[PDB]
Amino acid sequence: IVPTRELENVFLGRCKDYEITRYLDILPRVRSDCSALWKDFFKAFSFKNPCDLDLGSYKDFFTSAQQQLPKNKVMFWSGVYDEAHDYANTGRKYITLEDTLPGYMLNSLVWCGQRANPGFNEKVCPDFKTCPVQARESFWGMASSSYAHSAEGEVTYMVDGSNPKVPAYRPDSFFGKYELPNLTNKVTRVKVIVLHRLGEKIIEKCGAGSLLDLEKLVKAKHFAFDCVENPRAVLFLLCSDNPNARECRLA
């Protein structure tokens, strides 16, 4: 595992690119400049062993970088990365973490502390499995919480309903750990979209199994709940990438 080259430059360029040209009509600018954001980011991990972090490490970075989020537009997802992002459509239909400023700046990047100068490793980072969970999950854990905590109105949640190993919904997922429990009374409704991958056994449905657990979880938060399996707009995206599938048949 090799850390990203020139982390600062990459960070600052993405930041600046975003500030000036990305999501102008879709998401707000943040107060802080890019240097202030770098400093809040860099201090969370710098000059410490790579496993020396906890859930508060990136807090200041997150307070600074957190945008207000448009009401009704926030998408969550589990095990269906590509499909959620394709349906969300780079912010035209839904917002994901990746469209926000910090998710955008840190997407796919690899970084870690070391004690010795220059304060970070330029060679190798530990496998995440070696660090305690609080350190391992310090960045995306906090990013997940911050993003969820900012959601207003309706929220959408896309899941895999054809994984035989992994339930559609799980408390131990990032959604289960950081997102759902952090949704505030500004949220009105959790709309689930269940993906049944084309040509695969259907494993989970609305009203059954882990989806029934979710339903209950949600009502107890006092939100409203709906659930739908392969709605047509999602179905159609699945079918462009597999047009010969039985599910994508005309006439």
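The first residue of the sequence shown is number 1, and the count goes up from there.
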| query | finding |
| --- | --- |
| Of 136-144 and 112-120, the stretch whose C-alpha atoms average the higher B-factor in the entry | 112-120 |
| Stretch with the higher entry mean CA B-factor, where the candidates are 123-131 and 98-106 | 123-131 |
| Modelled-residue ranking by C-alpha temperature factor, third containing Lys177 | lowest |
| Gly91 CA temperature factor, ranked by third within the chain | middle |
| Chain thirds of CA B-factor: placement of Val228 | highest |
| Third of chain Cα B-factors occupied by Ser150 | middle |
| Cα B factor band for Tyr58 (lowest, middle or highest third within the chain) | lowest |
